[PDB]
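Engineer: Sending over work05.csv (CSV, C-alpha atoms).
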```csv
chain,number,residue,atom,x,y,z
Z,2,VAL,CA,8.1,1.6,-13.6
Z,3,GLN,CA,11.4,3.0,-12.3
Z,4,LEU,CA,11.9,5.0,-9.1
Z,5,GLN,CA,15.4,6.3,-8.6
Z,6,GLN,CA,16.1,7.5,-5.0
Z,7,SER,CA,19.0,9.7,-3.9
Z,8,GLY,CA,22.1,8.3,-2.3
Z,9,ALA,CA,22.8,7.4,1.3
Z,10,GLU,CA,23.2,10.3,3.7
Z,11,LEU,CA,25.0,10.9,7.0
Z,12,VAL,CA,23.4,13.7,9.0
Z,13,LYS,CA,24.3,15.4,12.2
Z,14,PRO,CA,21.6,15.2,14.9
Z,15,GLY,CA,19.2,18.1,15.0
Z,16,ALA,CA,19.8,19.0,11.3
Z,17,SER,CA,17.6,18.7,8.2
Z,18,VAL,CA,17.5,16.3,5.2
Z,19,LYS,CA,16.0,16.3,1.7
Z,20,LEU,CA,15.5,12.9,0.1
Z,21,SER,CA,14.6,12.6,-3.6
Z,22,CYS,CA,12.9,10.1,-5.8
Z,23,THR,CA,12.9,10.5,-9.6
Z,24,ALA,CA,10.2,8.5,-11.5
Z,25,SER,CA,11.0,7.1,-14.9
Z,26,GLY,CA,8.3,5.4,-17.0
Z,27,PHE,CA,5.2,7.3,-15.9
Z,28,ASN,CA,3.9,10.7,-14.7
Z,29,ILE,CA,3.7,11.2,-11.0
Z,30,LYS,CA,0.5,13.1,-11.6
Z,31,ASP,CA,-1.3,9.9,-12.5
Z,32,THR,CA,-0.8,8.3,-9.1
Z,33,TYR,CA,-0.2,9.0,-5.4
Z,34,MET,CA,3.4,8.9,-4.0
Z,35,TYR,CA,4.3,7.2,-0.8
Z,36,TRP,CA,7.3,7.5,1.6
Z,37,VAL,CA,7.9,4.6,3.9
Z,38,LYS,CA,10.7,4.1,6.5
Z,39,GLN,CA,12.0,0.8,7.8
Z,40,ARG,CA,14.3,0.4,10.7
Z,41,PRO,CA,16.8,-2.5,10.7
Z,42,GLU,CA,14.9,-5.8,11.4
Z,43,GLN,CA,11.6,-4.0,12.0
Z,44,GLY,CA,8.2,-3.6,10.3
Z,45,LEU,CA,7.4,-1.0,7.6
Z,46,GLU,CA,6.2,2.3,8.9
Z,47,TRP,CA,4.1,4.7,6.7
Z,48,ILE,CA,5.2,8.3,6.7
Z,49,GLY,CA,2.9,10.1,4.3
Z,50,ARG,CA,1.7,10.5,0.8
Z,51,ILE,CA,1.2,13.2,-1.8
Z,52,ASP,CA,-1.1,13.7,-4.8
Z,53,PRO,CA,1.1,15.4,-7.4
Z,54,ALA,CA,-2.0,16.5,-9.4
Z,55,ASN,CA,-3.0,18.9,-6.6
Z,56,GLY,CA,-0.3,18.7,-4.0
Z,57,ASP,CA,-2.6,17.5,-1.3
Z,58,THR,CA,-0.7,15.5,1.2
Z,59,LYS,CA,-1.4,13.3,4.2
Z,60,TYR,CA,0.9,12.3,7.0
Z,61,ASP,CA,1.0,9.6,9.6
Z,62,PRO,CA,0.1,11.4,12.9
Z,63,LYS,CA,3.4,10.6,14.6
Z,64,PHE,CA,5.2,12.2,11.6
Z,65,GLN,CA,3.0,15.3,11.6
Z,66,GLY,CA,5.2,18.4,11.7
Z,67,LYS,CA,8.5,16.4,11.5
Z,68,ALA,CA,8.2,15.4,7.9
Z,69,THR,CA,7.1,17.3,4.8
Z,70,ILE,CA,6.5,15.8,1.3
Z,71,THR,CA,6.5,17.9,-1.9
Z,72,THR,CA,6.4,17.2,-5.6
Z,73,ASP,CA,7.9,18.7,-8.8
Z,74,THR,CA,5.7,18.0,-11.9
Z,75,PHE,CA,8.4,19.3,-14.1
Z,76,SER,CA,11.2,16.9,-13.0
Z,77,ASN,CA,8.9,14.0,-12.2
Z,78,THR,CA,10.3,13.8,-8.7
Z,79,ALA,CA,9.0,13.5,-5.1
Z,80,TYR,CA,10.8,14.9,-2.1
Z,81,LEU,CA,10.8,13.9,1.5
Z,82,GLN,CA,12.2,16.6,3.8
Z,83,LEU,CA,12.9,15.9,7.5
Z,84,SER,CA,13.0,19.2,9.5
Z,85,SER,CA,14.5,18.2,12.9
Z,86,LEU,CA,15.6,14.7,13.5
Z,87,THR,CA,17.1,12.9,16.5
Z,88,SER,CA,19.1,9.6,16.4
Z,89,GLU,CA,15.9,7.4,16.5
Z,90,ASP,CA,15.1,7.9,12.8
Z,91,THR,CA,18.3,6.3,11.6
Z,92,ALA,CA,16.4,4.1,9.2
Z,93,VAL,CA,16.1,3.4,5.5
Z,94,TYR,CA,13.5,5.4,3.6
Z,95,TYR,CA,11.5,4.0,0.7
Z,96,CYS,CA,9.7,5.7,-2.2
Z,97,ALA,CA,6.7,3.8,-3.6
Z,98,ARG,CA,3.9,4.6,-5.9
Z,99,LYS,CA,0.2,3.5,-5.7
Z,100,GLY,CA,-0.7,0.4,-7.7
Z,101,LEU,CA,-3.7,-1.5,-9.0
Z,102,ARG,CA,-5.9,-2.1,-5.9
Z,103,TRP,CA,-4.3,0.7,-3.9
Z,104,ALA,CA,-1.3,-1.5,-3.5
Z,105,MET,CA,2.3,-0.3,-3.6
Z,106,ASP,CA,3.5,-1.9,-6.8
Z,107,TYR,CA,6.8,-0.2,-7.3
Z,108,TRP,CA,9.3,0.7,-4.6
Z,109,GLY,CA,12.5,2.7,-4.6
Z,110,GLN,CA,15.8,1.2,-3.7
Z,111,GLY,CA,15.9,3.0,-0.4
Z,112,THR,CA,18.1,5.8,1.0
Z,113,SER,CA,20.0,4.9,4.0
Z,114,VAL,CA,19.9,7.8,6.5
Z,115,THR,CA,22.4,7.2,9.3
Z,116,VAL,CA,22.9,9.9,12.0
Z,117,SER,CA,25.8,10.3,14.4
Z,118,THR,CA,28.7,12.7,15.2
O,121,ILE,CA,-10.7,18.6,-19.4
O,122,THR,CA,-7.2,19.2,-18.1
O,123,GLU,CA,-4.5,20.1,-20.6
O,124,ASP,CA,-2.8,16.7,-20.1
O,125,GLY,CA,-6.0,14.9,-21.2
O,126,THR,CA,-7.5,14.0,-17.8
O,127,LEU,CA,-11.3,14.2,-17.7
O,128,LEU,CA,-13.5,14.8,-14.8
O,129,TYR,CA,-17.2,13.9,-15.3
O,130,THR,CA,-19.8,14.2,-12.6
O,131,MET,CA,-23.6,13.9,-12.7
O,132,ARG,CA,-26.5,14.3,-10.3
O,133,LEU,CA,-28.6,11.1,-9.8
O,134,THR,CA,-31.4,9.8,-7.7
O,135,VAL,CA,-30.7,6.1,-7.4
O,136,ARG,CA,-33.3,3.6,-6.2
O,137,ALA,CA,-31.7,0.3,-5.3
O,138,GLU,CA,-32.8,-3.0,-4.0
O,139,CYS,CA,-31.8,-3.6,-0.3
O,140,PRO,CA,-32.8,-7.2,0.5
O,141,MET,CA,-33.8,-7.2,4.1
O,142,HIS,CA,-34.1,-10.1,6.5
O,143,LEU,CA,-36.9,-9.1,8.9
O,144,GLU,CA,-36.6,-11.8,11.6
O,145,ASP,CA,-35.6,-9.3,14.4
O,146,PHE,CA,-38.1,-6.6,13.3
O,147,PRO,CA,-38.3,-3.9,14.6
O,148,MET,CA,-35.0,-4.4,16.3
O,149,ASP,CA,-33.2,-5.1,13.0
O,150,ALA,CA,-30.1,-3.7,11.3
O,151,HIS,CA,-29.3,-3.9,7.6
O,152,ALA,CA,-26.5,-3.4,5.2
O,153,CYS,CA,-27.9,-1.8,2.0
O,154,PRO,CA,-25.6,-2.4,-1.0
O,155,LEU,CA,-24.9,-0.1,-3.9
O,156,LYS,CA,-23.1,-2.0,-6.6
O,157,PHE,CA,-22.0,-0.3,-9.8
O,158,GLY,CA,-19.8,-1.3,-12.7
O,159,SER,CA,-19.4,-1.2,-16.4
O,160,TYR,CA,-22.0,-2.6,-18.7
O,161,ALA,CA,-20.3,-3.8,-22.0
O,162,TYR,CA,-16.7,-3.6,-20.8
O,163,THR,CA,-14.9,-6.5,-19.1
O,164,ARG,CA,-12.0,-6.2,-16.7
O,165,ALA,CA,-9.6,-6.5,-19.6
O,166,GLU,CA,-10.9,-3.3,-21.1
O,167,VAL,CA,-12.3,-1.0,-18.3
O,168,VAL,CA,-11.4,-1.2,-14.6
O,169,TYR,CA,-12.8,1.0,-11.8
O,170,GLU,CA,-10.9,2.3,-8.8
O,171,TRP,CA,-11.7,4.6,-5.9
O,172,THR,CA,-10.4,8.1,-6.5
O,173,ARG,CA,-9.1,8.5,-2.9
O,174,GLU,CA,-8.4,6.1,-0.1
O,175,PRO,CA,-11.3,3.6,-0.2
O,176,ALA,CA,-12.4,4.6,3.3
O,177,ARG,CA,-12.8,8.2,2.1
O,178,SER,CA,-14.2,7.7,-1.4
O,179,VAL,CA,-17.9,7.7,-0.5
V,1,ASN,CA,-5.5,3.7,12.7
V,2,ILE,CA,-6.0,0.1,11.6
V,3,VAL,CA,-3.4,-2.1,13.2
V,4,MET,CA,-2.6,-5.3,11.4
V,5,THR,CA,-1.4,-8.3,13.4
V,6,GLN,CA,0.8,-10.8,11.6
V,7,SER,CA,1.3,-14.4,12.7
V,8,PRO,CA,3.6,-16.2,13.3
V,9,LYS,CA,6.3,-13.7,14.0
V,10,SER,CA,8.9,-16.2,12.8
V,11,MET,CA,8.6,-19.7,11.5
V,12,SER,CA,11.2,-22.2,10.3
V,13,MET,CA,10.3,-24.9,7.8
V,14,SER,CA,11.6,-27.3,5.2
V,15,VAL,CA,11.4,-27.1,1.4
V,16,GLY,CA,8.4,-28.3,-0.6
V,17,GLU,CA,5.7,-28.1,2.1
V,18,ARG,CA,2.6,-25.9,2.3
V,19,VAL,CA,3.2,-22.9,4.6
V,20,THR,CA,0.5,-20.4,5.5
V,21,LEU,CA,1.0,-16.8,6.8
V,22,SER,CA,-1.9,-15.1,8.5
V,23,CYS,CA,-2.7,-11.4,8.9
V,24,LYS,CA,-5.5,-10.0,11.1
V,25,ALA,CA,-7.1,-6.5,10.7
V,26,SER,CA,-8.2,-4.4,13.6
V,27,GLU,CA,-11.2,-3.1,11.6
V,28,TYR,CA,-12.9,-3.8,8.3
V,29,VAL,CA,-10.6,-3.6,5.4
V,30,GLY,CA,-12.6,-5.1,2.6
V,31,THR,CA,-10.0,-6.7,0.3
V,32,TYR,CA,-7.4,-3.9,0.1
V,33,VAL,CA,-4.7,-6.2,1.7
V,34,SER,CA,-1.3,-6.6,0.0
V,35,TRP,CA,1.5,-9.1,0.6
V,36,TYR,CA,5.1,-8.0,0.1
V,37,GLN,CA,8.3,-10.0,0.0
V,38,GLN,CA,11.6,-8.5,1.2
V,39,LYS,CA,14.8,-10.3,0.7
V,40,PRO,CA,17.8,-9.0,2.8
V,41,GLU,CA,19.0,-5.6,1.7
V,42,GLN,CA,16.3,-5.4,-0.9
V,43,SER,CA,13.2,-3.3,-1.3
V,44,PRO,CA,9.8,-4.9,-0.7
V,45,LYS,CA,8.3,-6.6,-3.8
V,46,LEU,CA,4.5,-6.8,-4.2
V,47,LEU,CA,3.3,-10.4,-4.3
V,48,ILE,CA,-0.4,-10.2,-3.7
V,49,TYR,CA,-2.6,-7.1,-4.2
V,50,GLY,CA,-6.2,-6.9,-3.4
V,51,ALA,CA,-7.3,-10.2,-1.8
V,52,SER,CA,-6.1,-13.1,-3.9
V,53,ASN,CA,-4.7,-11.3,-7.0
V,54,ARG,CA,-1.2,-12.4,-7.9
V,55,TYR,CA,1.0,-9.6,-9.2
V,56,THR,CA,2.8,-10.1,-12.5
V,57,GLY,CA,5.8,-12.3,-12.3
V,58,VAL,CA,4.6,-14.0,-9.0
V,59,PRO,CA,4.8,-17.8,-9.4
V,60,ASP,CA,1.4,-19.5,-9.3
V,61,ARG,CA,2.4,-21.2,-6.1
V,62,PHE,CA,1.8,-18.0,-4.1
V,63,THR,CA,-1.9,-17.9,-3.2
V,64,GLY,CA,-3.6,-15.1,-1.3
V,65,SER,CA,-6.9,-15.6,0.6
V,66,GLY,CA,-8.9,-12.8,2.2
V,67,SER,CA,-12.0,-11.7,4.2
V,68,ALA,CA,-13.2,-8.6,5.9
V,69,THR,CA,-10.7,-8.9,8.7
V,70,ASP,CA,-8.8,-12.2,8.2
V,71,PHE,CA,-6.3,-12.8,5.4
V,72,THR,CA,-3.7,-15.5,4.7
V,73,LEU,CA,-0.8,-15.9,2.3
V,74,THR,CA,-0.3,-19.5,1.4
V,75,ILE,CA,2.9,-20.9,-0.3
V,76,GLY,CA,2.3,-24.2,-1.9
V,77,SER,CA,5.3,-26.0,-3.4
V,78,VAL,CA,7.9,-24.0,-1.4
V,79,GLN,CA,11.3,-23.4,-2.9
V,80,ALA,CA,14.7,-22.2,-1.4
V,81,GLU,CA,14.4,-18.7,-2.9
V,82,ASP,CA,11.4,-17.9,-0.7
V,83,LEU,CA,13.5,-17.2,2.4
V,84,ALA,CA,12.4,-13.6,3.0
V,85,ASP,CA,10.5,-11.3,5.2
V,86,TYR,CA,6.8,-11.2,4.4
V,87,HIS,CA,4.7,-8.1,5.2
V,88,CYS,CA,0.9,-7.6,5.0
V,89,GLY,CA,-0.4,-4.1,4.5
V,90,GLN,CA,-3.9,-2.7,4.4
V,91,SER,CA,-4.9,0.0,1.9
V,92,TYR,CA,-8.6,0.5,2.9
V,93,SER,CA,-7.4,3.5,4.9
V,94,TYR,CA,-4.1,5.3,5.1
V,95,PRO,CA,-1.7,2.4,4.7
V,96,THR,CA,-0.4,0.4,7.7
V,97,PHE,CA,1.8,-2.7,7.8
V,98,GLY,CA,2.2,-5.6,10.1
V,99,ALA,CA,5.4,-6.6,11.9
V,100,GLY,CA,6.1,-9.2,9.2
V,101,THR,CA,7.1,-12.9,9.2
V,102,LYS,CA,10.8,-13.9,8.9
V,103,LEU,CA,10.8,-17.1,7.0
V,104,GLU,CA,13.6,-19.5,8.0
V,105,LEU,CA,15.1,-22.7,6.4
V,106,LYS,CA,15.1,-25.8,8.5
```
Represent the supplied structure as structure tokens.

Structural biologist:
Amino acid sequence: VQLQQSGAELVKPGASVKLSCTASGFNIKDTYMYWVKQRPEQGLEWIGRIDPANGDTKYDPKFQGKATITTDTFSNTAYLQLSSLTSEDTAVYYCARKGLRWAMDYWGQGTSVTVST
Amino acid sequence: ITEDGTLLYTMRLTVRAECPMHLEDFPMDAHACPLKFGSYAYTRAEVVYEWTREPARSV
Amino acid sequence: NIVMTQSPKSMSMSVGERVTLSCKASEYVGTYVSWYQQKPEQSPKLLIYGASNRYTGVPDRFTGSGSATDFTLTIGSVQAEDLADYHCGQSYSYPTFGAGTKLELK
């Protein structure tokens, strides 16, 4: 109904990041939550999902280890945390929720992660 | 019953279901046996069904 | 992994003519195929969920058609506010998206 993502972030290479996504209009427990990155003029790439009811999470294999997704039932927020990132992942990151036919009906506005020195 | 009002309801069944077979290649034949379920008495405007996990992992 | 192939990669066209976008699935994905529209600097917007189910607020000129492995998004009476990237994504398994189609005005 309304996903509110954190602001844009500039991060030094090799550091860590913590993106946020506050849901308004529904309980995150009632759906799955999705994080999706998109490089400039490129296709959408799926990172992983979380089930806030249990905390069970799944990750795209190429994001195994590098990304971790956690939830907070109290604040109705989903968190994407990137442990150690190079310059390649200087892409926008999207927060979306599961929809009717397992479609992604509501997306976040996107947090622009740019990395340089 | 979870405190938020979410219900889990499971039951053990033995289901016998029609599998219409086309036996032209018998006994070298392969079949796709369906299992269709839905709501009696409730239309799509009242009750909808969805798979609990990814569809590929829900059976 | 189910890889979805989207064709054409880019296509230019004129207003008011029927344009069809095709998506191909590597494996079986019954009808859990979605079509998203992304205008520049905007998040994707769900247009078609399932196979051939318009999402609320989608004009009746957007038509989705599906199969086990072949899906198409058809725009009928095209308008000038349809210039956007179009992505197809499967949801039968862990979600994967196609490259997308960059619509152009010509």

Engineer: Per residue of chain O within 7 Å of chain V, note the shortest atom pair and the distance in Å to one decimal, counting only C-alpha atoms, and order the rows by chain and increasing residue number, as a tab-separated table.

Structural biologist:
```
residue	atom	partner	partner_atom	distance
O:174	CA	V:93	CA	5.7
O:175	CA	V:92	CA	5.1
O:176	CA	V:93	CA	5.4
```

Engineer: Give me, as a ChimeraX atom specification, the contact residues of chain O against chain Z at a cut-off of 12 Å, counting all atoms listed in the file.

Structural biologist: /O:122,124-126,168-176

Engineer: Let's have the selection written as a PDB file, in the frame of the given file, with C-alpha atoms.

Structural biologist:
```pdb
ATOM      1  CA  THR O 122      -7.200  19.200 -18.100  1.00  0.00           C
ATOM      2  CA  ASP O 124      -2.800  16.700 -20.100  1.00  0.00           C
ATOM      3  CA  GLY O 125      -6.000  14.900 -21.200  1.00  0.00           C
ATOM      4  CA  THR O 126      -7.500  14.000 -17.800  1.00  0.00           C
ATOM      5  CA  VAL O 168     -11.400  -1.200 -14.600  1.00  0.00           C
ATOM      6  CA  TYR O 169     -12.800   1.000 -11.800  1.00  0.00           C
ATOM      7  CA  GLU O 170     -10.900   2.300  -8.800  1.00  0.00           C
ATOM      8  CA  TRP O 171     -11.700   4.600  -5.900  1.00  0.00           C
ATOM      9  CA  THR O 172     -10.400   8.100  -6.500  1.00  0.00           C
ATOM     10  CA  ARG O 173      -9.100   8.500  -2.900  1.00  0.00           C
ATOM     11  CA  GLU O 174      -8.400   6.100  -0.100  1.00  0.00           C
ATOM     12  CA  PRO O 175     -11.300   3.600  -0.200  1.00  0.00           C
ATOM     13  CA  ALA O 176     -12.400   4.600   3.300  1.00  0.00           C
TER      14      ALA O 176
END
```

Engineer: Would you write out, as CSV, a table of all residues in chain V that have an atom no more than 7 Å from an atom of chain Z, listing for each the closest atom pair and the distance in Å to one decimal, considering only C-alpha atoms and ordering rows by chain and rising residue number?

Structural biologist:
```
residue,atom,partner,partner_atom,distance
V:32,CA,Z:102,CA,6.4
V:34,CA,Z:104,CA,6.2
V:43,CA,Z:110,CA,5.7
V:44,CA,Z:108,CA,6.8
V:46,CA,Z:106,CA,5.6
V:49,CA,Z:104,CA,5.8
V:50,CA,Z:102,CA,5.4
V:91,CA,Z:103,CA,5.9
V:95,CA,Z:47,CA,6.6
V:96,CA,Z:47,CA,6.3
V:97,CA,Z:45,CA,5.9
V:98,CA,Z:44,CA,6.3
V:99,CA,Z:44,CA,4.4
V:100,CA,Z:44,CA,6.1
```

Engineer: Which one of V:16, V:2, V:68, V:89 sits closest to residue 33 of chain V if you count only C-alpha atoms?

Structural biologist: V:89

Engineer: Atom CA of residue 104 of chain V and atom CA of residue 61 of chain V are how many Å apart?

Structural biologist: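 Atom-to-atom, atom CA of residue 104 of chain V to atom CA of residue 61 of chain V, that is 18.1 Å.
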
Engineer: If you count all atoms listed in the file, which residues fall within 7 Å of residue 83 of chain Z, apart from same-chain ones fewer than 6 positions away, as a list in words?

Structural biologist: residues 17, 18, 19, 67, 68 and 69 of chain Z

Engineer: Which protein, DNA or RNA residues are at most 7 Å from (3.3, -17.1, -4.0) in the file's coordinates when you count all atoms listed in the file, listed as a list in words?

Structural biologist: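 Residues with an atom close enough to that point: residues 47, 58, 59, 60, 61, 62, 63, 74 and 75 of chain V.
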
Engineer: So, counting all atoms listed in the file, which residue among Z:11, Z:16, Z:114, Z:54 is closest to residue 28 of chain Z?

Structural biologist: Z:54

Engineer: Which residue gives the smallest distance to residue 25 of chain V among V:82, V:53, V:64, V:6, with all atoms listed in the file counted?

Structural biologist: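 Of all the options, V:6 lies closest to residue 25 of chain V.
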
Engineer: Could you model N, CA and C atoms for segment 21-34 of chain Z and present them as a PDB file, in the frame of the given file?

Structural biologist:
```pdb
ATOM      1  N   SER Z  21      15.186  12.427  -2.273  1.00  0.00           N
ATOM      2  CA  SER Z  21      14.600  12.600  -3.600  1.00  0.00           C
ATOM      3  C   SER Z  21      14.296  11.243  -4.212  1.00  0.00           C
ATOM      4  N   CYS Z  22      13.411  11.284  -5.211  1.00  0.00           N
ATOM      5  CA  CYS Z  22      12.900  10.100  -5.800  1.00  0.00           C
ATOM      6  C   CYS Z  22      12.422  10.457  -7.234  1.00  0.00           C
ATOM      7  N   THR Z  23      13.211  10.099  -8.242  1.00  0.00           N
ATOM      8  CA  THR Z  23      12.900  10.500  -9.600  1.00  0.00           C
ATOM      9  C   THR Z  23      12.220   9.305 -10.306  1.00  0.00           C
ATOM     10  N   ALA Z  24      11.016   9.562 -10.806  1.00  0.00           N
ATOM     11  CA  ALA Z  24      10.200   8.500 -11.500  1.00  0.00           C
ATOM     12  C   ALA Z  24      10.533   8.511 -12.945  1.00  0.00           C
ATOM     13  N   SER Z  25      10.754   7.313 -13.474  1.00  0.00           N
ATOM     14  CA  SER Z  25      11.000   7.100 -14.900  1.00  0.00           C
ATOM     15  C   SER Z  25      10.006   6.043 -15.387  1.00  0.00           C
ATOM     16  N   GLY Z  26       9.293   6.337 -16.469  1.00  0.00           N
ATOM     17  CA  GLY Z  26       8.300   5.400 -17.000  1.00  0.00           C
ATOM     18  C   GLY Z  26       6.885   5.820 -16.856  1.00  0.00           C
ATOM     19  N   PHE Z  27       6.605   6.891 -16.121  1.00  0.00           N
ATOM     20  CA  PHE Z  27       5.200   7.300 -15.900  1.00  0.00           C
ATOM     21  C   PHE Z  27       5.253   8.739 -15.339  1.00  0.00           C
ATOM     22  N   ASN Z  28       4.078   9.366 -15.337  1.00  0.00           N
ATOM     23  CA  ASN Z  28       3.900  10.700 -14.700  1.00  0.00           C
ATOM     24  C   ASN Z  28       3.459  10.515 -13.293  1.00  0.00           C
ATOM     25  N   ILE Z  29       4.122  11.228 -12.383  1.00  0.00           N
ATOM     26  CA  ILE Z  29       3.700  11.200 -11.000  1.00  0.00           C
ATOM     27  C   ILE Z  29       2.319  11.729 -10.797  1.00  0.00           C
ATOM     28  N   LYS Z  30       1.865  12.601 -11.700  1.00  0.00           N
ATOM     29  CA  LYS Z  30       0.500  13.100 -11.600  1.00  0.00           C
ATOM     30  C   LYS Z  30      -0.538  12.056 -11.597  1.00  0.00           C
ATOM     31  N   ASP Z  31      -0.257  10.937 -12.259  1.00  0.00           N
ATOM     32  CA  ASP Z  31      -1.300   9.900 -12.500  1.00  0.00           C
ATOM     33  C   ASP Z  31      -1.473   8.994 -11.284  1.00  0.00           C
ATOM     34  N   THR Z  32      -0.685   9.131 -10.219  1.00  0.00           N
ATOM     35  CA  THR Z  32      -0.800   8.300  -9.100  1.00  0.00           C
ATOM     36  C   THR Z  32      -0.606   9.089  -7.795  1.00  0.00           C
ATOM     37  N   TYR Z  33      -0.643   8.407  -6.658  1.00  0.00           N
ATOM     38  CA  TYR Z  33      -0.200   9.000  -5.400  1.00  0.00           C
ATOM     39  C   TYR Z  33       1.230   8.447  -5.142  1.00  0.00           C
ATOM     40  N   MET Z  34       1.992   9.204  -4.364  1.00  0.00           N
ATOM     41  CA  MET Z  34       3.400   8.900  -4.000  1.00  0.00           C
ATOM     42  C   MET Z  34       3.505   8.659  -2.551  1.00  0.00           C
TER      43      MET Z  34
END
```
